[PDB]
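One structure is given below, encoded as C-alpha cells.
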Amino acid sequence: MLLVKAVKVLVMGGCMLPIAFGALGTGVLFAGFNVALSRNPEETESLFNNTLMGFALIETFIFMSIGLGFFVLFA
Amino acid sequence: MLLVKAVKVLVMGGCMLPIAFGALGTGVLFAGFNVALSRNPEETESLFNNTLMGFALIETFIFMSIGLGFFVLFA
Amino acid sequence: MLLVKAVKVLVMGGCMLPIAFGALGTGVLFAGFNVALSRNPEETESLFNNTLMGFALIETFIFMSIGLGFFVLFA
Amino acid sequence: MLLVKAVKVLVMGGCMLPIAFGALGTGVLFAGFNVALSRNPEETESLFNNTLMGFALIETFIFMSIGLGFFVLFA
Amino acid sequence: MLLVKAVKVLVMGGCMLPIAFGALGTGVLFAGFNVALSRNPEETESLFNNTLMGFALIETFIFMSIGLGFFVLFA
Amino acid sequence: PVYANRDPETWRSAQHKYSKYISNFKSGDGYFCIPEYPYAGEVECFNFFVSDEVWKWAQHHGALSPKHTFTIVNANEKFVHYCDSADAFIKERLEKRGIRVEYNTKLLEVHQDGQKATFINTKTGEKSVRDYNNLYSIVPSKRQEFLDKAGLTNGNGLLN
Amino acid sequence: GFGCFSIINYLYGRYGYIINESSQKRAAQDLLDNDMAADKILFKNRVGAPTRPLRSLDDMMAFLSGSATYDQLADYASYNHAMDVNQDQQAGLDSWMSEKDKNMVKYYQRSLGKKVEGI
Amino acid sequence: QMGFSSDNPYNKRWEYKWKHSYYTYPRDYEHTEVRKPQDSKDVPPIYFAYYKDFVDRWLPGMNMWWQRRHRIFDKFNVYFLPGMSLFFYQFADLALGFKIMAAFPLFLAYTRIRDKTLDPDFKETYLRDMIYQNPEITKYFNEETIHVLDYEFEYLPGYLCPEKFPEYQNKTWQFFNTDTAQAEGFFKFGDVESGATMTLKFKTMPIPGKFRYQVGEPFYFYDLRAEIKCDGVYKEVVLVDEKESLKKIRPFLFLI
Amino acid sequence: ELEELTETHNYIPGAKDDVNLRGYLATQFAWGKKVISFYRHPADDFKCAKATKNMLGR
Ligand SMILES: CCCCCCCCCCCCCCCCCC(=O)OC[C@H](COP(=O)([O-])OCC[N+](C)(C)C)OC(=O)CCCCCCCCCCCCCCCCC
Ligand SMILES: CCCCCCCCCCCCCCCCCC(=O)OC[C@H](COP(=O)([O-])OCC[N+](C)(C)C)OC(=O)CCCCCCCCCCCCCCCCC
Ligand SMILES: CCCCCCCCCCCCCCCCCC(=O)OC[C@H](COP(=O)([O-])OCC[N+](C)(C)C)OC(=O)CCCCCCCCCCCCCCCCC
Ligand SMILES: Nc1ncnc2c1ncn2[C@@H]1O[C@H](COP(=O)(O)OP(=O)(O)OP(=O)(O)O)[C@@H](O)[C@H]1O
Ligand SMILES: [Mg+2]
C-alpha cells in the first residue's frame, strides 16, 4: 500500500530523465545546425525547417513520457 | 507479493530510459541530416527519406519497450 | 505521509538531472557556434541568433521539469 | 523465494537497457549514412544495404536480451 | 541461501550491460564503415571483411559475459 | 522462366529470380534437366520434392492450371550412381508422388524467343523440341584439357 | 484482434478457474502460512511493529514474504504521534506503556478504515 | 452494358466516371435541344435536391447491383458469411468482441458485392495504343478523326466450357465465385476522314503477372479482332488470336 | 461579377484575376510571400495519399 504509492511517485520522477537527454539532444541538434549553416548558408531555409522539425519529434517523446508518468501515478 | 508488485510498477518507470535515448538519437540523426544536407543539398530527397526511416526504427524500440512495460506490469 | 513526502522530495531532487544535461548541451551548442563562426564569419549575427534560440529550447525542458517537480511535490 | 522472484521481474526490466542503446546506436548509424550518402551518393544501394544489415545485427542483441529475460524469468 | 540466490539472479541480469554497449558499438563500427566506404568504395571488399571481423570480436565479449553469468549462477 | 542451379555474376543484390522458379509456375510444361555424369550437385540440388508439395497446393485453390506437365529429364540412367539405396528411394518416392521421368535424355538447346527446348535421347540419338514454361537444369560440367595433356585424368576426366 | 482479445478475456473471466483455481487456493493458504511464520520470528516492540527486519537473514526473508508486515510497519511510520514518541525515546525519554498505549497503531488503523481486532 | 445509368441522355459510358463539382444536381437533365421557358418548371418543388440524389445517385446504383446480382450468389456470400454473422450475434450481449466478429463478415460481403457489381473497366489507354501501332488500322483510323458509335462490355455469366478452360472446374474456387470474371464486348468505330467503320470485338480474362498471389491484369485481351469496313473495301485484322494466347497464359481464378 | 464570385463561393479575393495586383500590395512584407493560385476555390482539395514498402509513404 504505502510502499507501492511511494514507488508510483518515484517512477514519476524517472520521467525527468528524457527531459535531460532532450536538452542535450537539443543543444547537439542546434550545434550541428550552426556548423551545417556555416557550411552552406544559401540553403538556410531547408536546414532550418528540418532543424525545428526534428526538435518537435524530440519533445514529443518527452511529452509522451509525462503521459506514462501520470498514468502509473494514477493508474 | 506486495513487493513484487512494487517492482513491477518500478520496472515500468525504467521503460522511460529508451525514451531518453530515443530523444538523443533523434537530435543526433537530425544534426547529421543538417550537415549531410549542407554538404550536398542536391540529394535532399534520399537524405530526408533515410532520416525518417531511421527515426522509425529508433521509435520502434521505444514503443516495443512500452509494450514490455505493461506486459511485466500485468504479467 | 512523511514517507510519501520523503520520496516526493527525493523525486524533487531528480529535477536537477536535466539541469545537469542542460549545461553540457549548452557548452556543446556554443562550441559548434564558435567553430561554425570561424568557417563563415560573414554571417555572425545569423549563427548568434540561432545559438541563443537553442539555449531557450533547452530551458523549455528545464522549467518543464521544475514545474513537474513542484507539482508532484505537492500533488 | 519471493525475494528472488522480485529480482526475476527486476532483471526483466533491465532488458530495456539495450533497447535504449539500440535506439541511440540506430540514429548514429543512420546519421553517418546520411553524411556518407551526400559524400558519394553513387553507391546508395550499397551503403543502404550495409545500413540495414548492421541494424539487423543490433536487433539480434535486442531479441537475445529479451530471450535471456524470459529465460531467467521462468528458469 | 535465498539472498545469495537473488544476487546470483541479479548478476545474471547484469550481463545485459555489454549487450547494450555491444548494440551501440555495432552502429559505431558500421557507421565508420559506411562513411569510410563512400570515401574509398573501390576497396569495399577489404573494409567490409574488416567490419564483420570486428563485429565478431564484439560478440566474443558478449558470449564471454553470458558464459560468466551462467557460471556464477550455478557456481 | 529458364532457371539453373547457380546465380550468374551479373546479378546484384536486388535480383531474386532464383526464388521464383517454384512460385511463378502458374501453368505450362515444366522440365527438370539433369546433365551427364560427372556433374556437381547430385543430391544437394534436387528440388523436385519440395516443388511437388508447393505445386500440390496451387492445384488445390487454382493458382496452378490443371493442364500442366512436370517431368524429370535425366541424361543419366540413375540419379545417384554410387549409392543404390538412395537412388532406389528417390525413384520409389517419385512414383508414389506421381512424377514422370525420362532417362537417357539431356537438354541440348534453349530458344529464349519462342520458349523451345531441344532435347536429345543419347540412347537413341533422336532429338525433339518441346514447349516449356518453367525450366530448371543443373549446370553441366566439362573436363579441362590441361589435366589430360599431363596424363592425369582417367576416362570421364576425373583425377586417377 | 479486438474481437478475439475481447472474447478470450471474457472466457478467462467466465471460465478460467478450471486451470488456475488451484494456484489461487495454494497462494491463499501460503500467504497465511508465511504470515503465521513471520509472527514467530520477528522483533515486535512494545507496539506491534516489525522495527528490526534486518536483525538476521531469516528475518529479512520472513518480513518480505509476509503480507501484513508491510502494513504494520508502514502504519507505524505514517502515524505522526508514534514517531514523535520514538524521536523522544532516542533522546532519552521513555517509560512504561499501558494496554491502551500499546494499541495506539490499531486505533490509527481503525480511523483510516482498516479492520483491526484486539483493542 | 452500362449498369449506372440515369435519365441523362448524353455520355452514357462516362456517367459513373465523371465526378461533377456540383453542390446539388441541375434542375433539369441535359437538354437535347433548345426549349422554352414554360417547358421547364421554375422554382422546383420542395425537397427536390433530396429527390434528385435518390433518382440520380441511389437508384442507378441499386440498378447496378440488381443487374449484376448473378455474380454474388456464391456459397461464400450466401451461407458462410451470414452464418458466421449469426453465430456471434447470439453472444453480442456478452462482450464487444462478438459484435465485431458478427459485423465483419457483413462489411466483407458488401466489399465483394461492391467490387463485383461495378462495370468492368479495362485499361482503354492500353487498347488504343495497341491498335494505333497496327498499320492496317492506322491506314483508315486516327485518334484526331475517330469517333465511337457504340460500346458494350459485360461479364460472361456462369462457368465456361470445361474443355477450353478446365481451370474453373475447381470446387474450392466455385465455393467463392459463381461467375468466371471474364468479359466480352465490341467497339463500333468510325473515321470522319476516310469514312471507314470497324467493329472491334475482344475477349478478356484476368491473368497473373510477375508475382505469386496478386493479379497482373484483370482484363487481358486474349482475343482482339477487327472487321474493318471502308468505302468498298472489307478487311479483317487479328491483333490478338486466342488459339496462340491461351497456350502461354491462363486465367487467374480470383478468390475473395 | 461580384455576385458570381459569391454564388459560386469563390470568396478568396483575387482568385479569378489573372494579375491580383491587390494581392501583391498586401504581401509586400509578408512571411512566405505568395498570392493565391489562379481560379483557386476554397472547397477544392487535391490531396493524395499512397502506401509504400516504407512508412509515411516514402
Ligand atoms: C432490417 C431493418 C433495416 C435497417 C435499416 C437499413 C437502412 C438501409 C437503407 C438506408 C441506407 C442506404 C445506404 C446509404 C449509403 C449509400 C449512399 C448511396 O446511396 O450511394 C449510392 C451509390 C452511388 O455511387 P457513388 O455515391 O459512389 O457516386 C457514383 C459516381 N458519381 C458520383 C459520379 C455519380 O451507389 C451504391 O452505393 C450502391 C447502391 C447502394 C445500396 C444501398 C442499400 C439500398 C437498400 C435498398 C433496400 C431495398 C429493399 C428494402 C426497401 C424497399 C423499398 C420499398
Ligand atoms: C442493430 C444495428 C445493426 C446495424 C448493422 C451495422 C451497420 C453499421 C452501424 C450503423 C451505422 C449506420 C450509419 C453509417 C452509414 C454508413 C457510413 C459509411 O461510411 O458508409 C459508406 C460506405 C462506403 O463504402 P465504399 O467501400 O463503397 O467506399 C468508401 C471507400 N473508403 C472507405 C475508402 C472511403 O458504404 C456502406 O454503407 C458500407 C457499409 C454498409 C453496411 C451494410 C451491412 C450489411 C452488408 C451487406 C449484406 C450482404 C449480405 C450478403 C448476402 C448474399 C449476397 C446476395
Ligand atoms: C484577428 C482576429 C482573427 C484572427 C484569426 C487568425 C488570423 C491568422 C492570420 C494568418 C496566419 C497565417 C500563418 C501562416 C504562416 C505561414 C508562414 C510561411 O509561409 O512560412 C514561410 C517560412 C519563412 O519564409 P518567408 O519568406 O515566408 O518569411 C521569411 C521570414 N523572415 C523575413 C523572417 C526571414 O518558411 C517556411 O516555409 C516554413 C513553414 C513553416 C510553417 C509553420 C506554420 C504552420 C501553421 C499553419 C497551419 C495552421 C492550420 C490551422 C488549421 C486549423 C483547422 C482547425
Ligand atoms: N499513375 C497514377 N498515379 C496516381 N493516381 C493514379 C494513377 N493511375 C490511376 N490513378 C487513379 O486510379 C483511378 C483508376 O485508374 P484507371 O486506369 O482504372 O482509370 P480509367 O479511366 O479506366 O483508364 P482507361 O481509360 O485507360 O481505362 C484513376 O481514376 C486515378 O485517380
Ligand atoms: Mg478503364
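Chain labels run A, B, ... following the order of the C-alpha cells; each chain numbers its residues from 1, and ligands are numbered from 1 in the order shown.
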
For the contact check between chain H and chain G, emit one row per residue of chain H within 7 Å, containing the shortest atom pair and the distance in Å rounded to one decimal, counting only C-alpha atoms, chain then rising number order, as a Markdown table.
| residue | atom | partner | partner_atom | distance |
| --- | --- | --- | --- | --- |
| H:95 | CA | G:6 | CA | 6.9 |
| H:96 | CA | G:6 | CA | 6.7 |
| H:97 | CA | G:3 | CA | 3.7 |
| H:98 | CA | G:3 | CA | 6.3 |
| H:100 | CA | G:3 | CA | 5.8 |
| H:101 | CA | G:3 | CA | 6.0 |

Residues just named, written with N, CA, C and O atoms as a short mmCIF file (atom, residue, chain, number, x, y, z; two decimals), in the first residue's frame:
data_model
loop_
_atom_site.label_atom_id
_atom_site.label_comp_id
_atom_site.auth_asym_id
_atom_site.auth_seq_id
_atom_site.Cartn_x
_atom_site.Cartn_y
_atom_site.Cartn_z
N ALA H 95 -20.13 -9.57 -24.79
CA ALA H 95 -18.97 -8.69 -24.86
C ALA H 95 -18.97 -7.99 -26.21
O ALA H 95 -19.77 -8.30 -27.10
N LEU H 96 -18.05 -7.04 -26.36
CA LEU H 96 -17.93 -6.30 -27.61
C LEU H 96 -17.28 -7.12 -28.70
O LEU H 96 -17.52 -6.88 -29.89
N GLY H 97 -16.45 -8.10 -28.33
CA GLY H 97 -15.74 -8.87 -29.33
C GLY H 97 -16.66 -9.65 -30.24
O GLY H 97 -16.31 -9.92 -31.39
N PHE H 98 -17.85 -10.02 -29.75
CA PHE H 98 -18.80 -10.75 -30.58
C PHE H 98 -19.51 -9.83 -31.57
O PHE H 98 -19.84 -10.26 -32.68
N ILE H 100 -18.15 -7.37 -33.11
CA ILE H 100 -17.21 -7.12 -34.20
C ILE H 100 -17.17 -8.32 -35.14
O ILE H 100 -17.28 -8.18 -36.36
N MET H 101 -17.00 -9.52 -34.58
CA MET H 101 -16.94 -10.72 -35.41
C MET H 101 -18.27 -11.04 -36.08
O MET H 101 -18.30 -11.87 -36.99
#

Chain A onto chain C, all Cα, least squares, as a short mmCIF file (atom, residue, chain, number, x, y, z; two decimals) with N, CA, C and O atoms, in the first residue's frame:
data_model
loop_
_atom_site.label_atom_id
_atom_site.label_comp_id
_atom_site.auth_asym_id
_atom_site.auth_seq_id
_atom_site.Cartn_x
_atom_site.Cartn_y
_atom_site.Cartn_z
N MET A 1 2.72 7.54 4.46
CA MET A 1 2.66 8.96 4.90
C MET A 1 4.05 9.58 4.88
O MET A 1 4.41 10.30 3.95
N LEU A 2 4.83 9.31 5.93
CA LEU A 2 6.19 9.84 5.99
C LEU A 2 7.05 9.30 4.85
O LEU A 2 7.95 10.00 4.38
N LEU A 3 6.78 8.08 4.40
CA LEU A 3 7.55 7.51 3.30
C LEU A 3 7.26 8.26 2.00
O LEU A 3 8.19 8.66 1.29
N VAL A 4 5.98 8.45 1.69
CA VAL A 4 5.63 9.10 0.43
C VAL A 4 6.18 10.52 0.39
O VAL A 4 6.72 10.96 -0.63
N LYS A 5 6.05 11.26 1.50
CA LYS A 5 6.59 12.61 1.54
C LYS A 5 8.09 12.60 1.31
O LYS A 5 8.63 13.49 0.65
N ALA A 6 8.78 11.59 1.84
CA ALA A 6 10.22 11.48 1.61
C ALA A 6 10.52 11.21 0.14
O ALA A 6 11.57 11.63 -0.36
N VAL A 7 9.62 10.51 -0.55
CA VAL A 7 9.81 10.27 -1.98
C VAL A 7 9.49 11.51 -2.79
O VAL A 7 10.16 11.81 -3.78
N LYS A 8 8.46 12.26 -2.39
CA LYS A 8 8.12 13.49 -3.10
C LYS A 8 9.31 14.44 -3.12
O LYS A 8 9.71 14.93 -4.18
N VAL A 9 9.89 14.71 -1.95
CA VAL A 9 11.09 15.55 -1.89
C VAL A 9 12.22 14.93 -2.69
O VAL A 9 13.02 15.64 -3.30
N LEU A 10 12.30 13.60 -2.71
CA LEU A 10 13.36 12.94 -3.47
C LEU A 10 13.22 13.23 -4.96
O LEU A 10 14.19 13.60 -5.62
N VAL A 11 12.01 13.06 -5.50
CA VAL A 11 11.78 13.37 -6.91
C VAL A 11 12.13 14.82 -7.20
O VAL A 11 12.67 15.15 -8.26
N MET A 12 11.84 15.73 -6.26
CA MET A 12 12.19 17.13 -6.44
C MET A 12 13.69 17.29 -6.70
O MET A 12 14.10 18.21 -7.40
N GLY A 13 14.51 16.40 -6.13
CA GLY A 13 15.93 16.44 -6.42
C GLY A 13 16.24 15.95 -7.82
O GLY A 13 17.15 16.46 -8.48
N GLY A 14 15.49 14.95 -8.29
CA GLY A 14 15.71 14.43 -9.63
C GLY A 14 15.59 15.49 -10.70
O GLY A 14 16.20 15.38 -11.77
N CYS A 15 14.80 16.54 -10.44
CA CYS A 15 14.64 17.61 -11.42
C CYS A 15 15.96 18.30 -11.73
O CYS A 15 16.08 18.94 -12.78
N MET A 16 16.96 18.19 -10.85
CA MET A 16 18.26 18.78 -11.11
C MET A 16 19.07 17.99 -12.12
O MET A 16 20.19 18.40 -12.46
N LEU A 17 18.54 16.86 -12.62
CA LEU A 17 19.27 16.11 -13.63
C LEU A 17 19.27 16.82 -14.98
O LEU A 17 20.36 17.04 -15.54
N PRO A 18 18.13 17.20 -15.55
CA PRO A 18 18.18 18.03 -16.77
C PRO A 18 19.03 19.28 -16.61
O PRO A 18 19.71 19.69 -17.55
N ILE A 19 19.00 19.90 -15.43
CA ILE A 19 19.84 21.07 -15.18
C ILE A 19 21.29 20.75 -15.49
O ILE A 19 22.05 21.62 -15.92
N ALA A 20 21.70 19.50 -15.27
CA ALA A 20 23.06 19.09 -15.59
C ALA A 20 23.24 18.92 -17.10
O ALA A 20 24.18 19.47 -17.69
N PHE A 21 22.34 18.16 -17.74
CA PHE A 21 22.44 17.97 -19.18
C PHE A 21 22.26 19.28 -19.93
O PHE A 21 22.83 19.45 -21.02
N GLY A 22 21.49 20.22 -19.38
CA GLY A 22 21.36 21.51 -20.02
C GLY A 22 22.67 22.28 -20.05
O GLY A 22 22.96 22.99 -21.01
N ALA A 23 23.47 22.14 -18.99
CA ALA A 23 24.78 22.78 -18.97
C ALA A 23 25.68 22.20 -20.05
O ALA A 23 26.31 22.94 -20.82
N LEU A 24 25.76 20.87 -20.12
CA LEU A 24 26.58 20.23 -21.14
C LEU A 24 26.06 20.56 -22.54
O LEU A 24 26.83 20.95 -23.43
N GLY A 25 24.75 20.42 -22.75
CA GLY A 25 24.17 20.78 -24.03
C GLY A 25 24.41 22.23 -24.39
O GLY A 25 24.45 22.59 -25.57
N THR A 26 24.57 23.09 -23.38
CA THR A 26 24.86 24.50 -23.65
C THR A 26 26.30 24.67 -24.11
O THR A 26 26.55 25.25 -25.17
N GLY A 27 27.26 24.17 -23.33
CA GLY A 27 28.65 24.26 -23.74
C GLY A 27 28.88 23.64 -25.10
O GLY A 27 29.62 24.18 -25.92
N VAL A 28 28.26 22.49 -25.36
CA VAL A 28 28.37 21.86 -26.67
C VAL A 28 27.81 22.77 -27.75
O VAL A 28 28.37 22.88 -28.85
N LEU A 29 26.69 23.44 -27.46
CA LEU A 29 26.07 24.30 -28.46
C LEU A 29 26.97 25.47 -28.82
O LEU A 29 27.18 25.78 -30.00
N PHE A 30 27.53 26.14 -27.81
CA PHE A 30 28.42 27.26 -28.06
C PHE A 30 29.78 26.79 -28.55
O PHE A 30 30.47 27.52 -29.27
N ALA A 31 30.19 25.57 -28.17
CA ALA A 31 31.40 24.99 -28.73
C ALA A 31 31.29 24.88 -30.25
O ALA A 31 32.22 25.23 -30.98
N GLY A 32 30.15 24.40 -30.73
CA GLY A 32 29.95 24.30 -32.17
C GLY A 32 29.84 25.66 -32.83
O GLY A 32 30.31 25.86 -33.95
N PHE A 33 29.21 26.62 -32.14
CA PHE A 33 29.06 27.96 -32.69
C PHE A 33 30.42 28.58 -32.98
O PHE A 33 30.63 29.17 -34.05
N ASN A 34 31.36 28.47 -32.04
CA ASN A 34 32.70 29.00 -32.27
C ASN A 34 33.33 28.37 -33.51
O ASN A 34 33.94 29.07 -34.32
N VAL A 35 33.18 27.06 -33.67
CA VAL A 35 33.68 26.40 -34.87
C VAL A 35 32.91 26.86 -36.09
O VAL A 35 33.49 27.27 -37.10
N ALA A 36 31.58 26.81 -36.02
CA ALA A 36 30.76 27.28 -37.13
C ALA A 36 31.05 28.75 -37.43
O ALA A 36 30.99 29.17 -38.59
N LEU A 37 31.36 29.54 -36.40
CA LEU A 37 31.66 30.95 -36.62
C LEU A 37 33.01 31.11 -37.32
O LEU A 37 33.12 31.83 -38.31
N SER A 38 34.04 30.43 -36.81
CA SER A 38 35.35 30.50 -37.44
C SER A 38 35.32 29.97 -38.87
O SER A 38 36.17 30.36 -39.68
N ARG A 39 34.36 29.11 -39.19
CA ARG A 39 34.25 28.57 -40.54
C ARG A 39 33.77 29.64 -41.52
O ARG A 39 34.30 29.76 -42.63
N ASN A 40 32.77 30.42 -41.12
CA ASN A 40 32.17 31.43 -42.00
C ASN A 40 31.68 32.59 -41.16
O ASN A 40 30.50 32.66 -40.79
N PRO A 41 32.57 33.54 -40.83
CA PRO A 41 32.16 34.66 -39.96
C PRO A 41 31.30 35.69 -40.67
O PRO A 41 30.69 36.52 -39.99
N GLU A 42 31.24 35.67 -42.00
CA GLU A 42 30.43 36.66 -42.71
C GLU A 42 28.97 36.55 -42.32
O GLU A 42 28.24 37.55 -42.34
N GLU A 43 28.51 35.35 -41.97
CA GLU A 43 27.11 35.09 -41.62
C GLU A 43 26.94 34.95 -40.11
O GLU A 43 26.13 34.15 -39.64
N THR A 44 27.71 35.71 -39.34
CA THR A 44 27.66 35.62 -37.88
C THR A 44 26.24 35.80 -37.36
O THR A 44 25.76 35.01 -36.54
N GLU A 45 25.56 36.86 -37.82
CA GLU A 45 24.23 37.18 -37.30
C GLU A 45 23.30 35.97 -37.34
O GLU A 45 22.62 35.67 -36.36
N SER A 46 23.26 35.27 -38.47
CA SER A 46 22.36 34.13 -38.59
C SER A 46 22.71 33.05 -37.57
O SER A 46 21.85 32.58 -36.82
N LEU A 47 23.98 32.64 -37.54
CA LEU A 47 24.42 31.66 -36.54
C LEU A 47 24.05 32.11 -35.14
O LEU A 47 23.56 31.32 -34.32
N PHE A 48 24.27 33.39 -34.83
CA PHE A 48 24.07 33.88 -33.47
C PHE A 48 22.62 33.76 -33.05
O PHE A 48 22.31 33.24 -31.97
N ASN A 49 21.70 34.25 -33.89
CA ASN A 49 20.28 34.17 -33.55
C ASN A 49 19.86 32.72 -33.34
O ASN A 49 19.18 32.40 -32.36
N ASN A 50 20.27 31.83 -34.25
CA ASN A 50 19.96 30.42 -34.09
C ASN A 50 20.61 29.83 -32.85
O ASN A 50 20.04 28.94 -32.21
N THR A 51 21.79 30.33 -32.48
CA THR A 51 22.46 29.85 -31.28
C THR A 51 21.60 30.11 -30.04
O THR A 51 21.20 29.17 -29.34
N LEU A 52 21.31 31.38 -29.76
CA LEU A 52 20.53 31.71 -28.58
C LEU A 52 19.13 31.11 -28.66
O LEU A 52 18.56 30.73 -27.63
N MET A 53 18.56 31.02 -29.86
CA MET A 53 17.23 30.43 -30.00
C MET A 53 17.22 29.01 -29.45
O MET A 53 16.39 28.67 -28.60
N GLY A 54 18.13 28.17 -29.94
CA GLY A 54 18.21 26.81 -29.42
C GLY A 54 18.36 26.78 -27.91
O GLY A 54 17.72 25.97 -27.23
N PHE A 55 19.21 27.66 -27.37
CA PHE A 55 19.39 27.71 -25.92
C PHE A 55 18.07 27.95 -25.21
O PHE A 55 17.81 27.35 -24.15
N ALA A 56 17.23 28.82 -25.75
CA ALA A 56 15.93 29.07 -25.13
C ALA A 56 15.14 27.78 -25.00
O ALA A 56 14.65 27.45 -23.92
N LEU A 57 15.01 27.04 -26.10
CA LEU A 57 14.29 25.77 -26.05
C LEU A 57 14.94 24.81 -25.07
O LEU A 57 14.25 23.95 -24.50
N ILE A 58 16.25 24.93 -24.85
CA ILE A 58 16.94 24.01 -23.95
C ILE A 58 16.48 24.25 -22.51
O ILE A 58 15.95 23.34 -21.86
N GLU A 59 16.68 25.46 -22.00
CA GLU A 59 16.25 25.78 -20.65
C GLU A 59 14.73 25.78 -20.51
O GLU A 59 14.23 25.77 -19.38
N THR A 60 13.99 25.80 -21.62
CA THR A 60 12.54 25.66 -21.54
C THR A 60 12.17 24.33 -20.91
O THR A 60 11.35 24.28 -19.98
N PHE A 61 12.75 23.23 -21.39
CA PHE A 61 12.56 21.94 -20.74
C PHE A 61 12.99 22.00 -19.28
O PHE A 61 12.32 21.43 -18.41
N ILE A 62 14.10 22.68 -19.00
CA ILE A 62 14.58 22.77 -17.62
C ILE A 62 13.52 23.42 -16.74
O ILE A 62 13.18 22.90 -15.67
N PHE A 63 13.00 24.56 -17.17
CA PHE A 63 11.91 25.18 -16.44
C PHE A 63 10.70 24.26 -16.37
O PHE A 63 10.04 24.16 -15.33
N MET A 64 10.40 23.57 -17.48
CA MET A 64 9.28 22.63 -17.48
C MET A 64 9.46 21.57 -16.40
O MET A 64 8.49 21.19 -15.73
N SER A 65 10.68 21.08 -16.22
CA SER A 65 10.95 20.07 -15.21
C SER A 65 10.59 20.58 -13.82
O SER A 65 9.89 19.92 -13.05
N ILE A 66 11.09 21.78 -13.48
CA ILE A 66 10.82 22.35 -12.16
C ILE A 66 9.33 22.40 -11.88
O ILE A 66 8.90 22.25 -10.73
N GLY A 67 8.53 22.62 -12.92
CA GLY A 67 7.09 22.57 -12.77
C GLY A 67 6.63 21.23 -12.23
O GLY A 67 5.99 21.16 -11.18
N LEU A 68 6.95 20.16 -12.96
CA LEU A 68 6.61 18.82 -12.49
C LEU A 68 7.19 18.55 -11.11
O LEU A 68 6.58 17.86 -10.30
N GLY A 69 8.38 19.08 -10.84
CA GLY A 69 8.99 18.93 -9.53
C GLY A 69 8.10 19.42 -8.41
O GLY A 69 7.75 18.66 -7.51
N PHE A 70 7.73 20.70 -8.46
CA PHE A 70 6.87 21.25 -7.42
C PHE A 70 5.48 20.64 -7.45
O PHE A 70 4.81 20.55 -6.42
N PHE A 71 5.02 20.22 -8.63
CA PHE A 71 3.70 19.60 -8.74
C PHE A 71 3.60 18.39 -7.82
O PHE A 71 2.80 18.37 -6.88
N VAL A 72 4.42 17.36 -8.08
CA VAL A 72 4.38 16.15 -7.27
C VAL A 72 4.72 16.47 -5.82
O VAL A 72 4.17 15.85 -4.90
N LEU A 73 5.61 17.43 -5.59
CA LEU A 73 5.97 17.81 -4.23
C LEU A 73 4.80 18.42 -3.48
O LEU A 73 4.78 18.39 -2.24
N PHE A 74 3.81 18.98 -4.19
CA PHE A 74 2.65 19.58 -3.56
C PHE A 74 1.33 19.09 -4.15
O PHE A 74 0.27 19.57 -3.74
N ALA A 75 1.36 18.15 -5.09
CA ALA A 75 0.15 17.62 -5.70
C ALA A 75 0.30 16.14 -6.01
O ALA A 75 1.39 15.58 -5.93
#

Provide the atom CA of residue I:17 to atom CA of residue I:1 distance in Å, to one decimal place.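 Value for the atom CA of residue I:17-atom CA of residue I:1 distance: 11.4 Å.
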
Check every protein, DNA and RNA residue against ligand 5, keep those with an atom at most 10 Å away (counting only C-alpha atoms and all ligand atoms), and present them as a list in words.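 Taking only C-alpha atoms and all ligand atoms into account, the residues around ligand 5 at most 10 Å away are residues 17, 119, 120, 121, 122, 123, 124, 125, 126, 127 and 219 of chain H.
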
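The space between atom CA of residue F:143 and atom CA of residue F:156 spans 7.7 Å.
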
Ligand 1: which residues are within 9 Å, counting only C-alpha atoms and all ligand atoms? Reply as a list in words.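 Within the 9 Å cut-off, the matching residues are residues 4, 14, 15, 16, 17, 18, 19, 20, 53, 54, 56, 57, 58, 59, 60, 61, 62, 63, 64, 65, 114 and 117 of chain H.
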
Backbone-only DSSP, strand (DSSP E) members of chain G, as a ChimeraX atom specification: /G:43-44,50-52

Using only C-alpha atoms, select each residue of chain G with any atom at most 8 Å away from an atom of chain D, and give the selection as a ChimeraX atom specification. /G:61,64-65

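Taking atom 19 (O, counted along the ligand's line) of ligand 3 and atom CA of residue I:35 as the two end points, the separation is 11.0 Å.
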
Cut-off 7 Å: closest chain H/ligand 2 atom pairs per residue, using only C-alpha atoms and all ligand atoms, as CSV:
residue,atom,partner,partner_atom_place_in_ligand_line,distance
H:72,CA,ligand 2,53 (C),5.4
H:73,CA,ligand 2,54 (C),5.4
H:77,CA,ligand 2,52 (C),4.6
H:78,CA,ligand 2,52 (C),4.0
H:82,CA,ligand 2,50 (C),6.6
H:103,CA,ligand 2,6 (C),6.3
H:106,CA,ligand 2,45 (C),4.1
H:107,CA,ligand 2,45 (C),5.1
H:109,CA,ligand 2,48 (C),5.2
H:110,CA,ligand 2,46 (C),4.6
H:111,CA,ligand 2,26 (O),6.0
H:114,CA,ligand 2,27 (O),6.2

With C-alpha atoms retained, export the selected residues as a CSV table (one decimal), in the first residue's frame.
chain,number,residue,atom,x,y,z
H,72,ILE,CA,-22.6,-12.6,-55.9
H,73,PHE,CA,-24.8,-15.7,-55.5
H,77,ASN,CA,-21.5,-14.9,-49.6
H,78,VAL,CA,-24.9,-16.6,-49.2
H,82,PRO,CA,-24.3,-14.8,-42.9
H,103,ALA,CA,-20.4,-7.4,-38.4
H,106,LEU,CA,-21.1,-8.4,-43.5
H,107,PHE,CA,-18.8,-5.5,-44.3
H,109,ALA,CA,-19.8,-9.2,-48.2
H,110,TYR,CA,-20.5,-5.6,-49.1
H,111,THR,CA,-17.0,-5.1,-50.3
H,114,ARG,CA,-19.4,-3.5,-54.3

Based on the backbone DSSP call, show me all residues of stretch 10-67 of chain H assigned alpha helix (DSSP H), as a ChimeraX atom specification. /H:48-53,59-67

Would you mind exporting C-alpha atoms of the selected residues as an mmCIF file, in the first residue's frame?
data_model
loop_
_atom_site.group_PDB
_atom_site.id
_atom_site.type_symbol
_atom_site.label_atom_id
_atom_site.label_comp_id
_atom_site.auth_asym_id
_atom_site.auth_seq_id
_atom_site.Cartn_x
_atom_site.Cartn_y
_atom_site.Cartn_z
ATOM 1 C CA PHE H 48 -36.080 18.494 -54.801
ATOM 2 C CA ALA H 49 -32.366 18.154 -54.036
ATOM 3 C CA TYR H 50 -33.056 15.078 -51.908
ATOM 4 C CA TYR H 51 -35.275 13.650 -54.649
ATOM 5 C CA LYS H 52 -32.597 14.073 -57.317
ATOM 6 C CA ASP H 53 -29.875 12.427 -55.230
ATOM 7 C CA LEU H 59 -31.399 4.423 -57.861
ATOM 8 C CA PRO H 60 -28.868 3.902 -60.702
ATOM 9 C CA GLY H 61 -26.528 2.474 -58.071
ATOM 10 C CA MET H 62 -29.088 -0.103 -56.963
ATOM 11 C CA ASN H 63 -29.941 -0.963 -60.572
ATOM 12 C CA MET H 64 -26.273 -1.891 -60.976
ATOM 13 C CA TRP H 65 -26.430 -4.322 -58.055
ATOM 14 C CA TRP H 66 -29.666 -5.762 -59.450
ATOM 15 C CA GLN H 67 -28.298 -6.011 -62.995
#
